[PDB]
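Shown below, as structure tokens, is a lone chain in the form deposited in one PDB entry; questions about how it binds or moves come after it.
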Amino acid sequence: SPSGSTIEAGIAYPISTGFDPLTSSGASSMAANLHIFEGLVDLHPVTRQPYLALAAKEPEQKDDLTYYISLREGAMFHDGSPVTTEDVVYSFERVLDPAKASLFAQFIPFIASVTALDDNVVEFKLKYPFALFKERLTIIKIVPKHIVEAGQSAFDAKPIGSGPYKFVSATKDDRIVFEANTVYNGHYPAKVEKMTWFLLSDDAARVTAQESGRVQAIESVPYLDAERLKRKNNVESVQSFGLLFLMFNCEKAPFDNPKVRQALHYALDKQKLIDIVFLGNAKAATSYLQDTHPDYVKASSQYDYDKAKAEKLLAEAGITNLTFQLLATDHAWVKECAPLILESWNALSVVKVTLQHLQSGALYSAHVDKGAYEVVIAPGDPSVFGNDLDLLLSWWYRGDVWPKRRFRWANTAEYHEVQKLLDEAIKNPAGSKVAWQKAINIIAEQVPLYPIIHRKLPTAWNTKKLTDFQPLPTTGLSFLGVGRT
């Protein structure tokens, strides 16, 4: 009975993108969209298991290339309109259309066409068989065509979906407000009438909110505060793909030289970062994946701290007096890693580095997407979309979204080989493990964008106030199925 009760939560990530699922890659926007939008099939935020959302029943697989999905009876958008098969077609076609510049088409490269057969059934035709078809549907949220066509920017700021919570408002550095969608008839109806996410990127403010009872759960517990929070709260730390990456503009001298990119990895003392910033709750990367991922295989290139090796590579690359600027995001823990990275690099005999911090939204729109940068450290976690290896590789390495328009490595022979390998692993599934490891090993040698560390992710919540809350293995918070005591 969502009347008389509310949920308040502390979210760690500022709003850095809008909410249009065409482009909403910001951590806090994606988390909101788990509640505002539905796919045809969604993955549970905690268990990652698929469940029927806008699909009325299990997708009917006619053959390896053909699936039919029927819409849940009575499904409605938050404006009171029915969800239609045209809305489904529109949602997939806009992601697939290169002109629309989605951030996510590289997660559905196997879809050939989406067609409305009648007012209930949609036909999906695939380019080749893809066993994870249903699992990927969670990425393509179903949007109301009549709203989006009336103004994409307005929809991006005020999203309308079919999920159990309706968007009320979002105010930067303040809060996102949701309300129960009382016409939702899926599996996870809103258990409270109103939910407020306070945007508390400041570590201390976020912890204080939990301690004071201003919120019932907080994302991304600062490691230093975990012990004191345990007195009155549950604190649980979950193994995660979530990582800190080092990203180079590979078309700007001298970071177009792989030896320079390698050198800067070798120059970093990861154990010091882990001790000082993460309190042991992270591991230096030894592959693309974290070592607890089921598909982890250790990469053939390792970057254990070795200053002499860094110096040797720089001398081979002809570096005698390199001065560059590192851009970093503003996440409190990224701000803590940055000076330590700078100290390690400034200790090199031929490198001097300065630092600039920026909010993530401006970092991408004003610098990265234009190529107006040299080197970035930033956090990333595409495991929000799913946990399969093609997906995690594709986010950063399939197509153009990052390799062409962000880290600018798409003109290399190595990039083209990686594309062939990523395609082979999904078009020839019997060869996938071999093909993925070849791609990962090229990526790990070339280090265009590569993890420095993967981290354990702690969440805190009050079990006396919330029912059925569980922490995620990804960024965000989930209140699907969660109520108040």
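Heads up: residue numbers just count along the shown sequence, starting at 1.
Taking only CA atoms, the mean B-factor in the PDB entry is higher for 149-157 than for the other of 394-402 and 149-157. Comparing 62-70 with 38-46, the stretch with the higher mean C-alpha B-factor in the PDB entry is 62-70. Within the selection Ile142, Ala299, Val121, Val376, the deposited Cα B-factor values reach their highest point at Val121. Ranking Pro254, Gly163, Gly242, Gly361 by Cα temperature factor from the entry places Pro254 first. Among the modelled residues of the chain, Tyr13 sits in the lowest third by CA temperature factor in this PDB entry. Placement of the Cα temperature factor of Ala425 within the chain: middle third of the modelled residues, per the deposited record.
Sorting the modelled residues of the chain by their CA temperature factor places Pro98 in the highest third.
Placement of the Cα temperature factor of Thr475 within the chain: lowest third of the modelled residues, per the deposited record. Among the modelled residues of its chain, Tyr305 has a C-alpha B-factor that falls in the highest third according to the deposited record.
The form deposited in another entry is left out here; the points below concern that form.
Under the rigid two-part model of the rearrangement between the shown form and the other one, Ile218 and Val121 move as members of one part. Relative to this conformation, an increase of 3 Å or more in the Cα-Cα distance between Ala31 and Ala328 is found in the other entry. Compared with the form shown here, the Cα atoms of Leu22 and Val418 sit 3 Å or more farther apart in the other entry.
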